[PDB]
Amino acid sequence: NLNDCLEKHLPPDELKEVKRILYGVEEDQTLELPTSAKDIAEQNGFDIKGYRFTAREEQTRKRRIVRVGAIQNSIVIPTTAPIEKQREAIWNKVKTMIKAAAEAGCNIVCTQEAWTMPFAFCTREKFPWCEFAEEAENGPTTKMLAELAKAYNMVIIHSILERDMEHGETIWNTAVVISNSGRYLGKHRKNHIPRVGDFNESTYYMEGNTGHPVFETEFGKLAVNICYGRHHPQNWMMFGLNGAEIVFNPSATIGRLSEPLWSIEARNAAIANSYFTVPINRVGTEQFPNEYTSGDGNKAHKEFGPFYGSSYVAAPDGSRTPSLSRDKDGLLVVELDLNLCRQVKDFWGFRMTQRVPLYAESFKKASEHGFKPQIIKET
Amino acid sequence: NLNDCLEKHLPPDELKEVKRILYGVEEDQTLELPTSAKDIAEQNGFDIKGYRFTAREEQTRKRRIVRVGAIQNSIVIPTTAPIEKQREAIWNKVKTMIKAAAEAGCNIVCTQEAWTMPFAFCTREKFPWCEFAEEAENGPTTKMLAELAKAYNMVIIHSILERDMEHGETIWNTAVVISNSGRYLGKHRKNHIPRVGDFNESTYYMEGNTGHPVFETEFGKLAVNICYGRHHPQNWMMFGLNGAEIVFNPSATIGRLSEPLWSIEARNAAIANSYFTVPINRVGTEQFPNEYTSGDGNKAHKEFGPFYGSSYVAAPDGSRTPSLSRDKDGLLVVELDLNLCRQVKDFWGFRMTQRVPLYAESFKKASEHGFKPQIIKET
Amino acid sequence: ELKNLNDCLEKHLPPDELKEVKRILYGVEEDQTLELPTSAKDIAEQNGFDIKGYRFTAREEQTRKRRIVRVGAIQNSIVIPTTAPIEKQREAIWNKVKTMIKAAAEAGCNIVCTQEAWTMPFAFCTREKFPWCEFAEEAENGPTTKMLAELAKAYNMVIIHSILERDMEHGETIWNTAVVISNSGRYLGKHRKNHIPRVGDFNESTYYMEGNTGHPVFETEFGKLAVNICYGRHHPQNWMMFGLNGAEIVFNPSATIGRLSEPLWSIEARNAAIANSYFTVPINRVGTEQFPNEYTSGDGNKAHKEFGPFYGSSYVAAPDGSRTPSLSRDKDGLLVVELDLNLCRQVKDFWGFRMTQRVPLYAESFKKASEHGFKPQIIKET
């Protein structure tokens, strides 16, 4: 963790000033967690950390206090093993993490991208990796996750490879929202598909056709911006326009070039759209049966990683949580008052001044064939 | 060539019967070519072959006789060389092929896919291969090709990597139609983008937004179905619905699995839509500077190929030309009467009986989220 | 004069070259021959019809068992002269197909399918309504389905057959219909011909209208089956819609003659299999048929009584672009092919055709194209 690194090298007076500029707070707003949740974490060897966001008291509205659990994890057994066994080992691990989140008092829990599988998209092999794809609503993962949602009275958001039986058995990257009643709420498909380096996702699935859905749960209006959609401000924006209060960002990124962006994009989204942001990244390094190349000049290799975790939560007022670990499994519990959203909107006035009609017209012209950019030349 | 193989092993009486079932004719309708065109071909070491299609005489309409030249070629100098030099060597070779086509009396000439470059999309490297992308209308290749179009009074169709300066410098796979006057007519962008094996084209560009344009030239209504669009009957169909008479199919395919389809898909398109089809494929094998993998379990390698050429022309009455060579450069000249199209339409009645309204409604339902397939179960 | 294309090539080509030709013409270097029970071969030889077995395979999956299925395609001719009581004509064909179905059962088939209008001579060339329309029978309660359902029950096999239907509830109208009978013996449903021909001797539009049953796919315990009837062969969008409905094997019962039609036979059903990543089973009638009275065919020619010859050549195309050798062009035959239905998904995942279809784009384009004030997307010289 970066925060533990700075608190180990800076005098308490300067640390207060650096923390203010890098996060949004002079000191961490630490949430105390039940001792039993800390137990399950310690025994099973994953981090657990609680943080707190707050809002002003309102006259017309009660505090809408909500706890979210972000789960970042690694894969369990080697990628050269029965795919059913690989999924089950990840199931069992995440089960106890979800148990911890329940006992920490969470209301919403969310996973990283394609949590059920190794991130095999670097290989570009269709076999057996496509067999990981499952039905969004009736797939085994949703069914077992729904029993947890019902039993713990919590909304579960999970990201999986979807196989659409009705639409020609096509494969999709999809987020599934399960209600705290246990009933399936709906799904969102990834809007923006990457084709960069090892992330040959365009190989596996096409761009999403589900729009920008926002899920109205009894724990707030929730949205899911999937992985590479992180790099698209207009994607973040449309979730906001649809009235989202928490937008989850399950992801899986490695690398030297990608890491500097991690602290920037999810953070900015929260600020610009005055809602909460929950970027979750995979952790650990994963090796595969066969050689693959990455589209740079380099030699073929089997090791894909390391995935740098560092999941955090950004608040609409520009403040943010410290990141989770970069290589250890973790659960991030954060308590928040959903009322901060309207308060920031009314104060900063970003939605007031968006000029949406202007931009819809500009974007329209820009997308047309005979589009001529607004360029001023020297006469 | 397959035809030369069968004519070398079968008695003239059975050859007549096999040719009838495999092509659409008992014997080849050979077109005699000017001796000077045969000269340029012989000296520069490429094949030249002429074939003839015909139509019934009409009372209300003169014969609309038209000659098309399909150019299949390989790359020239090693892929480890200045990209400007690589393009220029291919330019000079194709220049003399276009000269041959002019002297053979062609009116329309068309190239294979991305003719200007090695098919570097197997590497997944962006550098320097993206530097091959050029402006559709003002790029050097169109400008030099337009001088040839003007001078030889012939329509030129060529397929290139487009770079769109107005739209964020995005890269596209694009066909450019140059009029016999020398003026640029327009462009079509690839509708269907592959992500299979070595054909990591989704890595380089997105799906086309130009629709299904048909170009009205003084040598007929021409359309371009680009490469992987070959596998999509509905793509072929829409060109037809727009009134195309010749649909060109510039391509670049290798392989054991792909070759059996080559004789099928372009052929079927011509039959179903009652127009002419011109599938052109690259030739030769190409090796690259660095290792790459193909998404099967195999070892990294540098050799991409071999591209199996075999360009042909299919006629709306279900007849077809013999293929060009599988490994040698070639020019295919074919004379045709565009009037065959209406005649086949009026006789077979495919357009009469398409039930387009039914299918537009069915396709609509099938694309919607809550789509339930028309399935009859045992009660 | 030609009897079988595959037999012709293997008799004139060196084994080295033959491997190359077969690879590009079919989808395989050598035929994947299925060995058939000796008893099935006996019923075939005694009754003078061909029997040929081929095999298609898929890769092994971790989450799914092999879904292996055996289909029997029956190509046959008519039997007694077309100038005989129509009940006798049908019965003669019944009894011959009965023994062919028996052979299919003993070869281990699970699904069996007929050619188009298998029950009758293809009398639509005459354009006479009498007595040819008396061949029309009720889809569910007609004598043919009743007889065929006993066979389906006894042999535990799905039977698909193509007949002239008479619709008693809807004004006694005549239809070209495929009927699917379950392996339990119960009637599953029917599909009516979507695309009606009006070309040359094929005056089908004279007898029936276009189908109103859509593009149904039958969910049986041996796979999701569909039927593309005859002239629908020429409509990629027809094939496509069965695919969108999730079909795994699409049967294509047909009846075509002649010089202009034959080149297409190897192309269309084959393409459909590729584009839609499912199995395709084109079956064609065999033999030539002569009729009581003269008729003309819409070319400049003299009136005549002989309609044919129907060129058989039934085959099976697989989703991976490979295909079976054709049956004979003049001899009755039964084509048994074993297949693993799992190949469909495997090909879909690998080639990505359904992934990249852009159906919403095409639904919108086809809509505009069908409207009255439609203007084609044409780029002219400025």
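Top to bottom, those sequences are chains D, D' and C. A prime marks a further copy of an entry chain.
Quick note: the first sequence uses the entry's author numbering, first residue 8, plus one each step.
Quick note: the second sequence uses the entry's author numbering, first residue 8, plus one each step.
Quick note: the third sequence uses the entry's author numbering, first residue 5, plus one each step.
Here a beta-carbon is modelled for each residue, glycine too, at the ideal position from N, C-alpha and C.
Contacts of residue i in chain C (Cβ-Cβ under 8 angstroms)
| i | result |
| --- | --- |
| residue 355/D' | 203 and 238 |
| residue 178/D | 353 and 359 |
| residue 278/D' | 238, 268, 271 and 272 |
Contact set between residue i and chain D, taken where Cβ atoms lie within less than 8 angstroms
| i | result |
| --- | --- |
| residue 66/C | 89, 90, 91, 135 and 138 |
Residues that DSSP places opposite residue i in a beta bridge
| i | result |
| --- | --- |
| residue 79/D | 337/D |
| residue 342/D' | 59/D' and 74/D' |
| residue 179/C | 169/C |
| residue 281/C | DSSP, once it has assigned bridges, lists no residue as partnering residue 281/C. |
| residue 54/C | 337/C |
| residue 382/D' | 221/C |
| residue 229/D | 222/D and 253/D |
| residue 247/D' | Paired residue(s): none; residue 247/D' is not in a bridge. |
| residue 261/C | DSSP, once it has assigned bridges, lists no residue as partnering residue 261/C. |
| residue 185/D | 163/D and 191/D |
Nearest candidate by alpha-carbon position, reference residue i, set the options
| i | options | result |
| --- | --- | --- |
| residue 364/D' | 361/C, 347/C and 378/C | 378/C |
| residue 345/D | 34/D, 53/D, 74/D and 43/D | 74/D |
| residue 262/D | 308/D, 286/D and 312/D | 312/D |
| residue 116/C | 79/C, 141/C and 310/C | 79/C |
| residue 302/D | 131/D', 157/D', 224/D' and 221/D' | 131/D' |
| residue 334/D | 291/D, 34/D and 89/D | 291/D |
| residue 35/D' | 386/D', 339/D' and 329/D' | 329/D' |
| residue 153/D' | 98/D', 137/D' and 125/D' | 98/D' |
| residue 381/D | 174/D', 294/D' and 58/D' | 174/D' |
| residue 85/C | 77/C, 76/C and 95/C | 95/C |
| residue 269/C | 286/C, 279/C and 282/C | 286/C |
| residue 202/D' | 297/D', 213/D' and 193/D' | 213/D' |
| residue 260/C | 83/C, 317/C, 367/C and 361/C | 317/C |
| residue 385/D' | 246/C, 228/C and 383/C | 228/C |
Beta-carbon proximity list for residue i, same chain, < 6 angstroms, skipping 5 on both sides
| i | result |
| --- | --- |
| residue 284/C | 254, 273, 276, 277 and 321 |
| residue 207/C | 128 and 131 |
Sequence-distant residues of the same chain with beta carbon closer than 7 angstroms to residue i, five excluded per side
| i | result |
| --- | --- |
| residue 13/C | 22 and 25 |
| residue 63/D | 350 |
| residue 413/D' | The displayed coordinates of chain D' run from 8 to 386. Any statement about residue 413/D' would go beyond what the structure contains. |
| residue 161/D | 109, 113, 114, 115, 116 and 187 |
| residue 106/D' | 47 |
| residue 225/C | 187 |
| residue 44/C | 55, 107, 110 and 111 |
Beta-carbon neighbours of residue i, restricted to chain D and to distances below 7 angstroms
| i | result |
| --- | --- |
| residue 297/D' | 304 |
| residue 307/D' | 298, 300 and 307 |
| residue 1/C | Nothing can be reported for residue 1/C: it is not among the residues displayed for chain C, which extend from 5 to 386. |
Partner residues on chain D' for residue i, Cβ-Cβ distance less than 9 angstroms
| i | result |
| --- | --- |
| residue 7/C | Within chain D', no residue comes near residue 7/C; the closest Cβ sits about 10 angstroms away, beyond 9 angstroms. |
| residue 12/C | 17, 21, 24 and 25 |
is_contact[residue i, chain E] using C-beta, thresh 7 angstroms
| i | result |
| --- | --- |
| residue 210/D | Annotation note: the requested chain E is absent from the structure, which comprises protein chains D, D' and C. |
Contacts of residue i in chain D' (Cβ-Cβ under 8 angstroms)
| i | result |
| --- | --- |
| residue 267/C | 27, 28, 29, 30, 31, 325 and 326 |
| residue 125/D | Result: empty, since nearest Cβ-Cβ is about 16 angstroms, beyond 8 angstroms. |
| residue 260/C | Correct list: empty, because the minimum Cβ distance to chain D' is about 12 angstroms. |
| residue 310/D | Result: empty, since nearest Cβ-Cβ is about 14 angstroms, beyond 8 angstroms. |
| residue 117/C | Going along chain D', no residue has its Cβ under 8 angstroms from residue 117/C, so there is no contact; the nearest lies around 16 angstroms. |
Closer than 9 angstroms at the beta carbon, the chain D residues around residue i
| i | result |
| --- | --- |
| residue 104/C | Within chain D, no residue comes near residue 104/C; the closest Cβ sits about 35 angstroms away, beyond 9 angstroms. |
Residues that residue i contacts on chain C, provided the C-beta gap is smaller than 7 angstroms
| i | result |
| --- | --- |
| residue 275/D' | 271, 272 and 275 |
Close-in-space but distant-in-sequence residues of the same chain around residue i (CB under 8 angstroms, 5 per side omitted)
| i | result |
| --- | --- |
| residue 59/D' | 36, 37, 38, 341, 342 and 343 |
With 8 angstroms as the C-beta to C-beta threshold (strictly closer), list the residues of the segment 181–205 of chain D' near chain C in chain order. Within the segment 181–205 of chain D', the residues whose Cβ lies closer than 8 angstroms to some Cβ of chain C are 184, 186, 188, 190, 192, 193, 198, 199, 200, 201, 202 and 203, listed in chain order.
Taking Cβ-Cβ distances below 8 angstroms as the criterion, which residues of the segment 149–175 of chain D' are in contact with chain D? Listed by position along the chain: 173 and 174.
So if I threshold CB-CB distances at 7 angstroms, which residues from the segment 214–240 of chain D count as touching chain C? Cβ proximity to chain C below 7 angstroms picks out nothing from the segment 214–240 of chain D.
What are the residues in the segment 370–386 of chain D' lying within 7 angstroms of chain D by C-beta distance? Taking 7 angstroms as the Cβ-Cβ cut-off against chain D, the residues of the segment 370–386 of chain D' that qualify are 378, 379 and 380.
Using a Cβ cut-off of 9 angstroms, which residues of the segment 344–368 of chain D' contact any Cβ in chain C, in chain order? Correct list: 354, 355, 356, 357, 359, 360, 361, 362, 363, 364, 365, 366, 367 and 368.
When you check each C-beta in the segment 31–64 of chain C against every C-beta of chain D, which residues fall closer than 8 angstroms? If the cut-off is 8 angstroms between Cβ atoms, the segment 31–64 of chain C has 63 near chain D.
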